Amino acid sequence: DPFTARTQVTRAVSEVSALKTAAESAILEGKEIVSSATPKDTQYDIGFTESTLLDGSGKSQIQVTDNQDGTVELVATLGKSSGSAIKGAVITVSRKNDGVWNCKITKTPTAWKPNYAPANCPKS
């Protein structure tokens, strides 16, 4: 039902967006941002725990790009327990080198409804 779908999207957005704090810490420490079970000493894992709403397994559920100059992208895809009306949507939480983050949802499936995306992470 729609309320469950809306709850699931908002929770998944929160799970990815929660990682920004660890990402900022890595930037302060001058260490490369990763989502990895085997980070090197010059890398900083962002502390993600596997979500039952995302496609993939473990820390690989979050795909990280970090140019090590303040431009960062955290990408996840709805899946596993997510309902058919949201499965496949992509959540992208990105940082620009001015320090500003934004959240966008793309690739929404056919039964996506307009209010499934929260105001803090609109559908592009």
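Numbers follow the displayed sequence, beginning with 1.
- Taking only CA atoms, the mean B-factor in the PDB entry is higher for 110 to 118 than for the other of 110 to 118 and 8 to 16.
- Comparing 78 to 86 with 41 to 49, the stretch with the higher mean C-alpha B-factor in the PDB entry is 78 to 86.
- Sort the modelled residues of the chain by CA B factor and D66 lands in the middle third.
- Among all modelled residues in its chain, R95 ranks in the lowest third by Cα B-factor.
- When the CA B factors of the chain's modelled residues are split into thirds, the value for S36 lands in the middle one.
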